[PDB]
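Chains as they are written, first to last, in PDB author numbering: chain C, 2 to 207; chain J, 6 to 100; chain S, 4 to 81; chain N, 2 to 61; chain I, 5 to 129; chain G, 4 to 152. By construction, the Cβ of each residue, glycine as well, lies at the ideal position given by its N, Cα and C atoms. Only one structure is covered here, and it is reproduced in the block below.
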Amino acid sequence: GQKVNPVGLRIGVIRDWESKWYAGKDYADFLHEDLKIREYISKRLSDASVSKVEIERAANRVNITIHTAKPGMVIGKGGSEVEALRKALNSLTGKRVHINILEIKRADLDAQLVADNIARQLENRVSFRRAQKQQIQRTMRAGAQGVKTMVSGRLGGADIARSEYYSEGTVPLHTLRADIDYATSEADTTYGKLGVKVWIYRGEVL
Amino acid sequence: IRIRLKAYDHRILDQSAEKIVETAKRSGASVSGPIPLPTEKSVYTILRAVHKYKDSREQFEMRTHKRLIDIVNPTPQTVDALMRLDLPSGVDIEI
Amino acid sequence: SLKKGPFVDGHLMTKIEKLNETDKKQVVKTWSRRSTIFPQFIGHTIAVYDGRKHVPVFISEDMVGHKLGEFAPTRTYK
Amino acid sequence: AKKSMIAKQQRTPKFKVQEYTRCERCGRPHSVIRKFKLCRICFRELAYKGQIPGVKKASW
Amino acid sequence: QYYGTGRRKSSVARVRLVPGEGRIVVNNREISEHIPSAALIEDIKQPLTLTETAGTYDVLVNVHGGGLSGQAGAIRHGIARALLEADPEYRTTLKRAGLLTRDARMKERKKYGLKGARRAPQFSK
Amino acid sequence: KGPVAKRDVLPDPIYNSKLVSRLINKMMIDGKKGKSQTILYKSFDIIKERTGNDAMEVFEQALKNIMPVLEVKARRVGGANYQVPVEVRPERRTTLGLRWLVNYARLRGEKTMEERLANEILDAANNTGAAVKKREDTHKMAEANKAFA
RNA sequence: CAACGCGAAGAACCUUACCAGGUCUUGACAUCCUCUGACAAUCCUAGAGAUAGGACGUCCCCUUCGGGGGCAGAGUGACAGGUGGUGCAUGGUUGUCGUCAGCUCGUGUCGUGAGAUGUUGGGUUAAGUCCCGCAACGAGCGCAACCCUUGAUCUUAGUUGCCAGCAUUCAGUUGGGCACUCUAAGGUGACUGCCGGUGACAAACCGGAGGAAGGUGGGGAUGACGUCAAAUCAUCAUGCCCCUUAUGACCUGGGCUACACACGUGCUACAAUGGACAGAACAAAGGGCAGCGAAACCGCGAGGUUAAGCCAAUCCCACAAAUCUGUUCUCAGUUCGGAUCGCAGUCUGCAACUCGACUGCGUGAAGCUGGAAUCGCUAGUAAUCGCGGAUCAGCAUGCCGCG
RNA sequence: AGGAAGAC
Numbered sequence: 002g003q004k005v006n007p008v009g010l011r012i013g014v015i016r017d018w019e020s021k022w023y024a025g026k027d028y029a030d031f032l033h034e035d036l037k038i039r040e041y042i043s044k045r046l047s048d049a050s051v052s053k054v055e056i057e058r059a060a061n062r063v064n065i066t067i068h069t070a071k072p073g074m075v076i077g078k079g080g081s082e083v084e085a086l087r088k089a090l091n092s093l094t095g096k097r098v099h100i101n102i103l104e105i106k107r108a109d110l111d112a113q114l115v116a117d118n119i120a121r122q123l124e125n126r127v128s129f130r131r132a133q134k135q136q137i138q139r140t141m142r143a144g145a146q147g148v149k150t151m152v153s154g155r156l157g158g159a160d161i162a163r164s165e166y167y168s169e170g171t172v173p174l175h176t177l178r179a180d181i182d183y184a185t186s187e188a189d190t191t192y193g194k195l196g197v198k199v200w201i202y203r204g205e206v207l
Numbered sequence: 006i007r008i009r010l011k012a013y014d015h016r017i018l019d020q021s022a023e024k025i026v027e028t029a030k031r032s033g034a035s036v037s038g039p040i041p042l043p044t045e046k047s048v049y050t051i052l053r054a055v056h057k058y059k060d061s062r063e064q065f066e067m068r069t070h071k072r073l074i075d076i077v078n079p080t081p082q083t084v085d086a087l088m089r090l091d092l093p094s095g096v097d098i099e100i
Numbered sequence: 004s005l006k007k008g009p010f011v012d013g014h015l016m017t018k019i020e021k022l023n024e025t026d027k028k029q030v031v032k033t034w035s036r037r038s039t040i041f042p043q044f045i046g047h048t049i050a051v052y053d054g055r056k057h058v059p060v061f062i063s064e065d066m067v068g069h070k071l072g073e074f075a076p077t078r079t080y081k
Numbered sequence: 002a003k004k005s006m007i008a009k010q011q012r013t014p015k016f017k018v019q020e021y022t023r024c025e026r027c028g029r030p031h032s033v034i035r036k037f038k039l040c041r042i043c044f045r046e047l048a049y050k051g052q053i054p055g056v057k058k059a060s061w
Numbered sequence: 005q006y007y008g009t010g011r012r013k014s015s016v017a018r019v020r021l022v023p024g025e026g027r028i029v030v031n032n033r034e035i036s037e038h039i040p041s042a043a044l045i046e047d048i049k050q051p052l053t054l055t056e057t058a059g060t061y062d063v064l065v066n067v068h069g070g071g072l073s074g075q076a077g078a079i080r081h082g083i084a085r086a087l088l089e090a091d092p093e094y095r096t097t098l099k100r101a102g103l104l105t106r107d108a109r110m111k112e113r114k115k116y117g118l119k120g121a122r123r124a125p126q127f128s129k
Numbered sequence: 004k005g006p007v008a009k010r011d012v013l014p015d016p017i018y019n020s021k022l023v024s025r026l027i028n029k030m031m032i033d034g035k036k037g038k039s040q041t042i043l044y045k046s047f048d049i050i051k052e053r054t055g056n057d058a059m060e061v062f063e064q065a066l067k068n069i070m071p072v073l074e075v076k077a078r079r080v081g082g083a084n085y086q087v088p089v090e091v092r093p094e095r096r097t098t099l100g101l102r103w104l105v106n107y108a109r110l111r112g113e114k115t116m117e118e119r120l121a122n123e124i125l126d127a128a129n130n131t132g133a134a135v136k137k138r139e140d141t142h143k144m145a146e147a148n149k150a151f152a
């Protein structure tokens with residue numbers, strides 16, 4: 002009884018996939034293994050706040066590129082992450098891996114980082130309203146064309162669970178050539194479990 | 006010799022088609038145009054909800070398509086050159 | 004068991020055959036509803052698991068083609 | 002109790018007809034797809050995320 | 005050797021009419037045991053009689069796909085294309101007479117939750 | 004809302020006999036056509052030399068004798084559910100006439116289809132008809148209750 | 001309404017949670033302490049389950065001879081597990097009103113205030129869609145368009161299609177060629193683009209023309225703020241409850257499929273707009289390698305045999321029925337209808353009794369178009385006729401899709 | 001100026 006997920010509605014027609022390959026008659030166990038890579042990358046790089054990973058097959062070699070938007074607390078001495086990730090990933094999948102990193106300039110317009118920012122202030126236990134206003138101000142001072150933010154759950158009141166919305170600019174969810182970046186994040190506090198949905202209208206596609 | 010290629014993304018398969026035609030033409034390999042082969046379809050139907058409301062369903066399309074090229078003359082040095090030529094990771098070449 | 008004969012639990016098959024080739028003995032304890040009654044099993048006493056107990060049944064001569072399973076119905080009605 | 006039957010799923014069974022299918026990314030039987038080994042729930046969630054590159058919205 | 009195309013209801017047909025003595029044939033099998041359903045007979049006899057070009061051209065017809073009445077509509081569109089190709093001097097008279105519509109009436113896509121893409125199953129309070 | 008009608012033409016405008024062209028090629032479809040129409044044509048022949056004249060005018064006065072002029076609808080006024088007679092548009096007249104013809108022909112019941120269809124054609128040809136009597140039932144209700152206007 | 005062919009796109013045993021029986025305590029499931037550093041399989045006794053002992057029967061790699069690379073096991077506590085309760089403790093999803101056209105904000109006016117205005121009024125639209133007055137001027141989510149598919153054509157692209165134009169044969173397979181259907185990229189295209197009449201000349205409405213379609217061409221996807229404390233603790237997760245010598249575990253058998261009844265949804269009919277038999281037919285869209293399986297042979301039948309071809313526009317499913325011509329039945333519980341019942345089988349599977357499907361027989365039931373009421377349906381729509389597909393070893397009248 | 005119709 003809600004809107005259909007906009008990234009899942011945009012993929013295939015305007016949005017290119019995050020995976021660019023084919024597997025025949027071994028499709029199932031490649032999906033199982035590369036989701037094991039994606040959960041392991043998420044679990045060990047949640048501190049480094051990856052926006053997205055994207056993979057490809059190189060005829061029994063796999064190429065991984067990871068979008069993290071900062072080298073600073075991520076690359077270490079420069080080779081530490083690539084040795085500690087490439088040997089570990091070789092140990093897990095048993096196949097030849099290659100890894101590369103990419104950065105996002107104007108780094109406050111990426112939705113997964115925005116929802117992780119909101120979630121991080123929720124375990125930081127600053128007030129949710131201050132989190133919404135500060136993130137709205139951060140996204141407009143970075144510059145954008147529209148932001149809609151939602152946080153639902155038990156927001157400090159024990160006996161009621163209600164959502165809060167905060168928006169600015171235009172976010173049409175029904176124009177197809179619109180390039181909404183959408184993100185859902187999950188926050189665990191002593192009050193309970195809180196859901197964040199942020200979706201950003203960055204630009205236009207002709 | 007016939008070369009097939011089958012994948013999901015008809016854009017990058019099209020630029021792969023003129024790139025292989027360009028390499029074969031600059032090698033002078035008695036070129037033939039890439040013939041469009043019919044697609045293959047699989048439409049899956051998923052319960053929209055989790056526990057209830059059987060009349061609420063959604064459909065998910067999978068479409069994958071193939072094209073074919075043919076080389077008449079042998080030309081083995083240029084054939085080995087286009088074997089050793091690099092390909093993108095979506096073009097999904099079959100010999 | 005449609006073309007190649009009755010399909011049974013061979014361990015207690017050979018147990019009851021080594022019973023009856025020597026003597027006549029007490030009831031045969033079985034959990035197995037699986038078995039078809041072989042024609043050489045005439046006159047024996049079988050304790051079949053009904054789900055709650057092991058009901059006793061005597062085997063008559065007329066046990067022509069049907070399996071052992073119908074001796075203990077598993078439902079009680081009125 | 003789910004991971005007891007998950008242990009049944011990864012362990013080979015006694016007889017080969019006793020073997021059944023479970024999607025094993027999320028935790029259920031009952032409408033697993035064979036050619037993905039994902040059921041409806043975790044299939045549609047991870048498809049809206051965007052993996053399984055053949056799959057998109059369907060209309061004709 | 006004028007050549008026309010016709011499409012109606014998931015079926016195609018191609019027609020070739022050359023100057024003959026007025027012979028009409030589909031698939032090189034003749035009218036009696038090849039053509040039932042006399043709607044096809046009025047199909048094959050209407051436009052040549054309404055025009056003055058009846059006994060001049062002979063027509064070979066090739067057929068692919070579909071059923072009988074949709075096949076007849078494909079015959080209609082094929083011979084209409086063949087005449088507008090051959091003799092365009094009264095093609096405008098054929099236009100406002102009609103028969104050039106090429107109806108888009110094809111089978112409807114079945115809708116989920118519905119039986120025949122219009123029929124909801126049944127309702128009760 | 005509003006009514007709207009379309010245009011469509013089956014037959015040719017000129018050199019086209021209306022009833023003969025209808026009789027050979029028009030408005031009976033969806034199978035069981037061929038043998039039924041041949042035995043129906045020879046039913047027309049046996050009634051042709053059963054009557055002592057041309058049979059088309061007695062078929063057309065059969066159509067007149069089945070063809071209704073008025074019918075009556077029910078309108079809600081008061082506590083009685085009164086009835087209002089009405090003048091009828093010609094397409095509705097044709098639809099009603101053919102509809103009563105076919106459903107009472109299939110409804111009375113007889114040996115088989117061609118002789119029963121001819122049976123109610125001749126039953127409409129003479130004035131003493133069953134569905135004809137129903138047409139005069141529609142009138143005798145209409146000019147029994149046309150004091151309502 | 002918005003539960004009742006619903007979660008289930010598939011219960012013989014696992015699925016399975018529920019019941020009975022016999023069995024477990026760091027347990028198969030995650031990590032630390034210490035050894036052996038590689039573990040297991042084959043046949044018995046019970047075996048149905050753990051267990052207990054037996055025949056080869058705890059068997060890698062780096063190695064400055066110290067030790068490590070986590071796979072296998074062994075003893076230990078921190079432990080792990082809960083398809084157990086709480087949807088009124090929650091996120092995450094979904095239906096509903098409803099594709100209904102509405103829901104609000106900024107600035108500013110009016111009001112002591114709650115509030116109002118914009119968002120009302122006139123003309124049209126499917127629309128809060130457009131335009132003219134107006135203390136309002138604007139903006140945002142919605143509507144419409146952009147997206148996909150079906151509707152005609154140009155260029156390029158002709159095999160695993162097309163046989164037009166040709167020579168060839170019962171297999172028109174072939175030697176030769178892309179113009180057509182066909183597969184498909186760029187497009188061409190329909191947008192109020194012209195005439196007349198209304199409409200204060202505006203927006204719009206009606207009738208006309210090359211056109212494949214004229215007034216969003218047909219359909220899909222798309223579902224605003226919110227309501228129903230609507231549904232789900234059955235994917236995951238602090239909140240309490242019992243356990244951890246047990247609501248947590250292992251397996252065997254049973255039950256989820258019972259049955260005096262009442263209901264929801266469907267199938268098959270009650271028939272001569274037919275039944276039976278015989279002959280000629282027209283061919284959409286999907287699936288195929290622990291597979292799809294052609295030909296031929298055997299079989300009063302589902303099927304069996306060795307098996308050519310196919311990793312697929314070639315091979316198989318794929319033998320489409322309703323349709324069209326002949327004989328019969330002549331109005332009947334019948335040559336309708338096929339359900340229950342016995343016999344004998346085929347296939348799958350360790351196993352078809354509880355509880356699979358299908359076939360050959362024989363048996364032939366109720367039923368002669370159904371009261372109160374009640375359901376769906378507007379340019380292939382209802383109705384019929386089939387055809388695929390999905391979960392799956394096997395099981396359609398269920399569901400999805402196609403003609 | 002054109003029907004009597006209860007309760008939650």
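Within chain J, the C-beta atoms nearer than 8 Å to that of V56 (chain N) come from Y49, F65, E66 and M67, in chain order.
Proximity of chain N to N6 (chain C) at the Cβ level (cut-off 7 Å) is accounted for by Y49, in chain order. Residue environment analysis places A58 (chain I) among the exposed positions, since fewer than 16 neighbouring C-beta atoms fall within 10 angstroms of its C-beta.
Uninterrupted alpha helix (DSSP H) stretches at least 4 residues long and entirely within the region 62-113 of chain I occur at 72-90 and 95-101, given in chain order.
Here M67 (chain J) is bridged, per DSSP, to J:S47 and N:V56. Closest option to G70 (chain I), judged by alpha-carbon separation, among I:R11, I:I39 and I:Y6: I:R11.
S47 (chain C) and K53 (chain C) have their C-alpha atoms roughly 11 Å apart. Three or more beta-carbon pairs separated by less than 8 Å link the region 98-115 of chain C to the region 178-188 of chain C, which places the two stretches in contact. Interface flag for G117 (chain I) against chain J is set, since a Cβ pair is found closer than 7 Å. Comparing alpha carbon positions, the residue from C:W200, C:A89 and C:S128 closest to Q146 (chain C) is C:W200. At least one beta carbon of chain J lies nearer than 7 Å to the beta carbon of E57 (chain C). When only Cα atoms are considered, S41 (chain I) and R29 (chain N) end up about 57 Å apart. Put simply, the backbone Cα of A86 (chain J) is about 10 Å away from that of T80 (chain J). Take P59 (chain S), set aside five residues on each side of it, and the residues of its chain with a beta-carbon closer than 8 Å to its own are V30, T48, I49 and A50, in chain order. The C-alpha of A85 (chain C) lies about 53 Å from the C-alpha of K115 (chain I).
Secondary structure in the region 123-190 of chain C: the alpha helix (DSSP H) runs of 4 residues or longer, each lying completely within the stretch, are 129-143 in chain order. By the C-beta criterion, the region 32-43 of chain G is judged to be in contact with the region 107-125 of chain G, since at least 3 inter-stretch pairs fall below 8 Å. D160 (chain C) and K26 (chain C) have their alpha carbons spaced roughly 52 Å apart. In terms of Cβ geometry, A78 (chain I) and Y6 (chain I) do not form a close pair [threshold 7 Å].
According to the DSSP assignment, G37 (chain G) belongs to the alpha helix (DSSP H) that extends over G37 to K51.
Around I124 (chain G), the same chain offers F62 and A65 as residues with beta carbons nearer than 7 Å, after the five sequence neighbours per side are excluded. Within chain N, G51 and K57 have C-beta atoms less than 7 Å from the C-beta of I12 (chain C), given in sequence order. Our two residues, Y28 (chain C) and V33 (chain N), have alpha carbons roughly 15 Å apart in a direct line. If you draw a 10 Å sphere on the C-beta of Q138 (chain C), you find fewer than 16 other C-beta atoms in it, and that means exposed. Within a 10 Å sphere around the beta-carbon of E82 (chain C) sit 16 or more other beta-carbons, which makes this residue buried. Around the Cβ of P173 (chain C), a 10 Å sphere holds fewer than 16 other Cβ atoms; the residue is exposed.
Assignment of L73 (chain G) by DSSP, reduced to helix, strand and coil, places it in the strand class.
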